[PDB]
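Novice: An experimental structure, sequence included, is below.
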Amino acid sequence: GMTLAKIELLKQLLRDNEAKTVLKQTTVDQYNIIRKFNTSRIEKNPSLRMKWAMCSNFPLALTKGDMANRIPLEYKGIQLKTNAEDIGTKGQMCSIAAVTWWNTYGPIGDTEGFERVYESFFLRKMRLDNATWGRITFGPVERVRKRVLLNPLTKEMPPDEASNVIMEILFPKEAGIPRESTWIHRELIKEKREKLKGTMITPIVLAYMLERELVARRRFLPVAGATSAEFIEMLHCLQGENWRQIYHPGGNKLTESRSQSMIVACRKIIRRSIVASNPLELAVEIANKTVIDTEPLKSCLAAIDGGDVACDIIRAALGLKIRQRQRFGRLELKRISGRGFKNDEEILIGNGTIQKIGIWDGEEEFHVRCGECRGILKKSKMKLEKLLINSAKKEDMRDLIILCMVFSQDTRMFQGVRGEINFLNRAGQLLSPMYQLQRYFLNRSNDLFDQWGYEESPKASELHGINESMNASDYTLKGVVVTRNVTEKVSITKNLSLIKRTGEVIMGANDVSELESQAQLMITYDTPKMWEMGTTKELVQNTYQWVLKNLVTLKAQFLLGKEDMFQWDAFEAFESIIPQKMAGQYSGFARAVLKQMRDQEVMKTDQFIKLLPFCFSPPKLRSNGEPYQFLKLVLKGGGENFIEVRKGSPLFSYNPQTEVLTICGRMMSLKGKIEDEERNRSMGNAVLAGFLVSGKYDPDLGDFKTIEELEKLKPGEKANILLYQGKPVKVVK
Amino acid sequence: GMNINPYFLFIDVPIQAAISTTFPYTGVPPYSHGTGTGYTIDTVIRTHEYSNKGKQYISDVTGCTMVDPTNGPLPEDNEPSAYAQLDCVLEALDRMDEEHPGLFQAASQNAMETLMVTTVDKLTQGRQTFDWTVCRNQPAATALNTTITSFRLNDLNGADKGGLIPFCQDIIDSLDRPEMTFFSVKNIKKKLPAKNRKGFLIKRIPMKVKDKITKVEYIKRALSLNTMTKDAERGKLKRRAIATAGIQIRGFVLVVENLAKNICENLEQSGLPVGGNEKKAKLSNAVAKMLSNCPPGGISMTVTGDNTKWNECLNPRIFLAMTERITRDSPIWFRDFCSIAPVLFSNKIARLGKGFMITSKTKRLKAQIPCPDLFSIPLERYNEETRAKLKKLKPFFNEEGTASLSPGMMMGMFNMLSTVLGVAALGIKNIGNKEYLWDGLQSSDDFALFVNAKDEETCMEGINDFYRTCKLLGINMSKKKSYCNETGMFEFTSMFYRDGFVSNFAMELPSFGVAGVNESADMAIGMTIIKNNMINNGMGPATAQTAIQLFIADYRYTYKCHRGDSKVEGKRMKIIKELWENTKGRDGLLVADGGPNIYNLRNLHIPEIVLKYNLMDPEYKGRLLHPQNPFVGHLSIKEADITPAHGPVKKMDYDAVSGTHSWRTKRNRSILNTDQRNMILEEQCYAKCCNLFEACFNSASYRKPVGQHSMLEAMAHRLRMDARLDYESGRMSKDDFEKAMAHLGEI
Amino acid sequence: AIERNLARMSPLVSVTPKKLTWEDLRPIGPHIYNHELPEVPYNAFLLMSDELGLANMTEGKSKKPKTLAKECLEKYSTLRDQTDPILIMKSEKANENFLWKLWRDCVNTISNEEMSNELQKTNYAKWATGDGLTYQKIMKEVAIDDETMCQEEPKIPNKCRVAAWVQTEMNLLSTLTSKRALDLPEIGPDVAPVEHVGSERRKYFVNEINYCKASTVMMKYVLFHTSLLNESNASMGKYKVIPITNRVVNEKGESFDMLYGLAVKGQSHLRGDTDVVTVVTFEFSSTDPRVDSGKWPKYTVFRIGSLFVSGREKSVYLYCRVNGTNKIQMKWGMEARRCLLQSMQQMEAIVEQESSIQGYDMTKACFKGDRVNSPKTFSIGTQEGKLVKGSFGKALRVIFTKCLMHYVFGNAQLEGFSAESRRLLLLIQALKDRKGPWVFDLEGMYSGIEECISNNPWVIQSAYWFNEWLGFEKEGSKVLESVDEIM
RNA sequence: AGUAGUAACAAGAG
RNA sequence: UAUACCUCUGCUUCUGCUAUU
RNA sequence: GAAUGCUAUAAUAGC
Ligand SMILES: [Mg+2]
């Protein structure tokens, strides 16, 4: 009977004519303005004000209540609280000693349901507690700044949807209009309502505690091969720029996160195996020692029913039933017939801009599925042909059509893009156009249906068409039909191609996606030289480090045998981060320059170190015998992943003053490992192949020659070269 | 002997790699003393010093001395110039619109659709705002309330509709009112009967008297900006002036910024609004592309850039042009709505702060001369510096103690929109089809121009051009602070790039201190700051582990809560030591209860109360987490008259459990001496009305309640139902129900 | 329009760019070398390298600050008793008699058997704490009528020259001691290898600092500024004797209470954060102020006896200074511990960097050296014109010291210098990187740096050290002049 | 005095 | 003037905008 | 094989 007291208090409050007029005039909206009304100025230096205020006699304010009066005025000659009442709480003020007293001899209240209220946090601890710690590793880590989830959620919803759920749990009467959401989480609502039922914690706390484990805390962080929230929460202990810590959390890990990581592992294995002779040899070697979190890759590929080309290639390589089951987020396909050729093309979209997308050629048939609904899809290069489906759920049917329309990459689908569609992220990062178009049309479907066009429904036995509203209609969507009706032993080539028992291929290493991405769970390669599956900068730094480590021998062995120490297992790894279409050309150039340093006496140890790794890929010279000439050697990844031939670069630069070689920001001393003559010995000689310095810039020869103009000379012709700003050199063939 | 030189580290380590050692953030930041009128007047003089060659006229609205540099004579020298050429500002924006097709209308749309949803309470989240009723700064939430209460008296109830637009309509209507009325409390004595000798007691009561002001006096107050000095301004010798704006003009600025934000978010070179890792990512990506795009044989050069007199030079009328050009496709009402904010700023008035203090050393007397009485004393009685300042102020001065200030943005009012005008300069890229190509980044005044050209002599021709291009937008590049080098290393917003943005631990060191919220919070914040630094600011595990120790000391000294087994004497320590002896599970005690610190790298992210809960004594936790403890202040669960001035419970980032250590400090009672006393009653009234409303609607604490109907109407209906259903269910009796319906009947 | 306006604009408007050359980089703040200016005087709150703590071995468990300060003098009674003022140095506008009377009042009050450390408001104590020296507020109406009442000419920081004592501080604060001061509390048990690496790594870093002079000074500065703030609020309207105390542990592992002197705190009705409270410092020292007289113009010194510093009977002086502090400075004093982090991090960066190159934990390697790698050495300082190499542990401590001096001499003069010089440091690093830097108005750049160099000791010494290093780098550059030059 | 440093505090108020 | 060797006060002696959220 | 966009009383950055 709290009702009576409120009505009684309202009559008390309404006797104050100043209060009356506030209640009469101030609207429910304006409550939000008068709630924040205060005298208090915002404390700009709270750190100080606290440090100071803690030296005062009564810095805290109690709430005027029977409990406040259970604190005594003094304890063993300690003034615990004063009679003076705070302006704010309108209750007695007290010393910090009051808290300490209460915590020691205070009344013992009931803490029932506390753990159920603060479950979110207890799980956070349970994960750390039931975790297992591996080894720390010292070496370069390329951290990438990505928008990640900070805290595991019970169930993810938009703040709007999430807010409406909490209302149903805590404040039923003051919920407002019943939304669809109300039904969708009826299990969660009831579950939480039953769990928080017999608690004495303040509803406002319970409200934020649920918000904490329903609303997503998603922020940019520097991560490296760990994205799963239960990893991100520990991110501080997982790695730094120059070290890494293996950590297996507790509780449970999702099959979806297990999947998306399991792909990255396989892609990373294949991307590296490609470069070696007998790729299948290495592919098997690594895959048998690849662990995803605590689970071996082989067990993971066996357990999970899904994953891309790469997963199937490795499955075959290990000897497991290859599942040709694909996923497009909500859509899940299984190929019956066809062969897809992903070619990058410039697509015009409805709003009127040009987006670069990978478009698949060939007629292909798949078993499309979406929840309870099932179907068969037939598509060709940017055209959906035919789509058969079952009549399951009205929304699961509606989604499958939209998903299948987008998946097909139909020119009609791109025409129906009217509104703001972001392919590029706020931080200028790429978002998967096909996966953004999927996400866009799932919300705004009426535009796609109208922009597609209708026709006559089928008049067959069990075939009857459906319209926009998803009802048995006369007009159906152009090539959509509804029905009443719902492997083979492969072998894998050492060069990684899946051949049928006939001879036709189904997959190859050339069919896997080139996009490297952050694994959801932590990938570990239990083989020595795990660095080989690293990033560009990691591989680059680890290679040159290995060159510097063995420089003593490697430099001597070169002055004896020519091509003996070009084939090295480190330089193989290093190849897998070179563009394959320039790998050969670079080796052609590097070897020529290296031999040119040996044979003509004009050595340069910094240059030797820089180029030696590029001398692995079988050489690719021009048609006229002479090697290709270069200013810079671009590598896989960002526009700063390149090695300059004449200058230094963000990956590699040598300071002769200090004799300090810088490799991705890490400094290494070449003191001792350097000849006496080199200091004065020019670089101009080890900059072009079959080109050596004669004198200094000769104005008669004119401006500095380009790579092309240099390549298109005849032996014994002089030329003006610029190594770096303010070092003109005169070089001859 | 042997003479140590700390600069000799830079021989072994490059400056960027050890930049941290160049930031003295263990040291005290510079704070202001006394008046800011000197610093304020300087701005007012300088703003006009850069516009003096422009068109000078008298405002027939305010009567103020207006100066207009726009479309003015181009500069003859490199002294800061405000003489921006409209045509050049437009051309720059047209190129930007061509490079970013539909962006302007795309933003304008979202900015407009937002405004339609935006409520009035939006204005109650802006720190200290200038209140025109009392002509003093006040909390945003109060400054608004005083404007809504005052508007009602002038027959302006647009506020009540709840949307921002109809409230804004009332603000530009209030300028048309011949006189503006507003409440101003006066004290009144009243005899009250008491257990007293004389048999009574006199006590002063507040009484809302209706004050009036003229059309002009009000307009000037609407266009008024209050001025301070910037305290804790790091890495600067001499102080600078800052300005707070009126609740009138705050409304219209929100939309013009919200517009510019939408534009900036979808620009390649915008440093705003992106921040921290998002910004580092964007700039890291931007540098990489503009680096690799450099022509072979050519030279890529990065100009580490800063702009001088950014506020003093940037003109409102140019910002007006920008809104007009950006909203071109928007409906006529929204084109006008945006136009207001720059219009107010082009007629704005700068308040000169406290004034100047005059003293006699012989007599040992001091007196504050208020700004209105600045020219009350002969200028020989002011010091050399101030004399000149006042002489140069003379022709921009208003007798009420204010300064006309038509030119200039004022400190940081249109950051987003200035960033756009900046980017717009970077959008040109080339002039006269010369052998160079510029492209940069812009975050307010701070900019990093990249120039790819054939030789560094050509690069300079490009920079020299960019410089001259900016001069036409009123953007003056700092020749003293700006510097140029070959691309590979640069500085942008105290982020130091050297083949990748380097770690600068020193900058965020101050955040490692005891935050000063309270015990339960400061622990969480304390550990969360370390955790977050280990990630972002590259703090190694040893330094991270030390950063715990150092915190846990500062905490124990600050909250006077040393280990129970320590022999540190103190008032709290006496009971802390008794708790230590009384308690069995001592590892279960929180640090604040003289407990032992159990934090390390791995558990930084767990609440202390949750870490120790398992190994607490039941009696100890039973106290520590008492549901109705008096330190935090919960609900009644009983209904006497429990109505304190409880502010709205916020949603802070730090994760900590609500227990006895989650207390609040007593309010600064300096107010009890001054006549401002009155406001405590006004507060403790609203408090009563809200606190009760929250007892009727529990969801009000969590989510903002919506309705243009009366609070009383809402409360009445709810209680009426509550009573009926309480009766019909059987929670309430007939005798009680009769009383319920009888009492509710009286309303 | 842009083309049209740029076409018609005066050629006088330009960035006027010039390519930077070493020779263009002249020395910053040449006035600091002008011998006509005064030597910058010691203006710190407490003594540092000139400090002298009276050692008093404790039971190990603490007591009241009066009780320890008493028992500390009880041991060194010969000093505590010395009642005859043997004046050596006097501060221009000081009062020998009053200051000595005050010292004696402190010693007596702290030595007595009473609970309180309160001081009677004597004629001397009042002069010392600046009783009623504030001007009287009057009406602007009355103020305007008075012609003799005027706005005062702002007092400016005067220009000073370089002072050896600043160099000598760094040098001595950098050096190792037998004594550990730091009060670093407990940590949770280690589990994750990262924590085991951190913990072991600390043993090298923390100790190297804990066993150096700079540390003790910092800890003293903190622990004082704590009790000073605690009093300032608690005993607002009382003159109070606060002892300058500090706990220290020797290599043998024995706790010693260290009394460095006595301070008196004037009335502290501190409303504003900037509002000042007069603190009068009486500090023990072995330093003869007659040696470097230009260092101590702010100090009044009394010879108060002698002590065995080892086999040597060193005379003990008493440095008396009327000083001042405010809420902010006191607060930032309690947060001076964070000098550890700024110094520690910067080197842990080097250890972690070097660790990635070698592939193991290079912590132990960098300090001492291992089987593979010889110890890390840094260009540390100079010795009759020639560069000197020093330890990783030294290079660490030299930063920790710098970070302490950043606090101790932390004002707006430093902030401005640090920020503006950082701009020139980067222009140098460019020349070093051979990134061919350009400048637009170098003089303007310099003036901004040089206007900050006034009376701050650390700023004046930093300008000397900068100018010194610049000259060394300018020499180093020569090596690069003739590289890939053919000849 | 001193702190400090372009202007203040060295208590303010009934 | 008086109460007043009393009483009250220690960011309220004007602390802004935009981002990291 | 991608996303999910926000919105503190601290601190930093620029004005
Ligand atoms: Mg600037």
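Specialist: Noted; the coordinates are in hand. Numbers count the residues shown, from 1 in each chain, chains lettered A, B, ... in the order given.
Novice: Only C-alpha atoms from now on, for both contacts and neighbour counts.
Specialist: Noted.
Novice: Stretch A:297-313 vs RNA strand F: in contact?
Specialist: Yes. Counting by CA under 7 Å from any atom of the strand, RNA strand F has neighbours in stretch A:297-313: A:306-308.
Novice: how about that stretch: buried residues?
Specialist: Going by neighbour count (16 or more other CA atoms under 10 Å in any protein chain shown), the buried part of stretch A:297-313 is A:297-298, A:300-301, A:306-313.
Novice: Give me the contacts around it.
Specialist: Residues from elsewhere that reach stretch A:297-313 (CA atoms under 8 Å, 6 or more residues apart in numbering or on different chains): A:255, A:258-260, A:262-263, A:266-267, A:270, A:287-292, A:315, A:318, A:320, A:322-327, A:492, A:496-498, A:507-509, A:511-512.
Novice: try it again with 6 Å
Specialist: A:263, A:266-267, A:290-291, A:322, A:325, A:512 (CA atoms under 6 Å, 6 or more residues apart in numbering or on different chains).
Novice: Spatially nearest residue to the residue in chain A positioned nearest to RNA strand E, not counting backbone neighbours?
Specialist: Nearest to RNA strand E, among the residues of chain A, is residue A:40, at 3.6 Å (CA to the nearest atom of the strand). Closest residue to residue A:40 apart from its sequence neighbours, by CA to CA, 6 or more residues apart in numbering or on different chains: residue B:667 at 7.4 Å.
Novice: What residues does chain B have near the ion?
Specialist: Contact residues (CA under 5 Å from the ion) of chain B with the ion: B:307-308.
Novice: Domain map for chain B?
Specialist: B:31-266+B:308-413, B:267-307+B:414-501, B:502-665, B:666-747 (CATH domains of a matching chain).
Novice: Let's have those in TSV, adding mean neighbour count.
Specialist: As requested, the domains of chain B are arranged in TSV below (neighbours: other CA atoms under 10 Å in any protein chain shown):
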stretch	mean neighbour count
domain B:31-266+B:308-413	19
domain B:267-307+B:414-501	21
domain B:502-665	20
domain B:666-747	17
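Novice: and those domains as TSV, adding distance to residue A:1?
Specialist: Shown next, in TSV, are the domains of chain B (distance: least, CA to CA, whole Å):
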stretch	distance to residue A:1
domain B:31-266+B:308-413	34
domain B:267-307+B:414-501	52
domain B:502-665	10
domain B:666-747	6
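Novice: Between the ones you listed, which one is closest to residue C:325.
Specialist: domain B:31-266+B:308-413 (13.5 Å; CA to CA).
Novice: Secondary structure class of the residue of chain C found nearest RNA strand E, three-state.
Specialist: Of all residues in chain C, residue C:269 sits closest to RNA strand E, at 3.4 Å by CA to the nearest atom of the strand. At residue C:269 the chain is in coil, as set by DSSP: H, G, I helix; E, B strand; the rest coil.
Novice: State the distance from it to residue C:279.
Specialist: 14 Å (CA to CA, to the nearest Å).
Novice: Which one of these two is surrounded by more residues?
Specialist: Neighbour count, other CA atoms under 10 Å in any protein chain shown: between residue C:269 and residue C:279, residue C:279 has more, with 26 against 14.
Novice: Quick one: the helices in the stretch 251-400 of chain A, in order.
Specialist: A:255-273, A:279-287, A:297-303, A:309-318, A:394-408 (DSSP state H, counting those that start in this stretch).
Novice: quick one: which of those is nearest the ion?
Specialist: With CA to the ion as the measure, helix A:255-273 is the member of the helices of the stretch 251-400 of chain A nearest the ion (46.1 Å).
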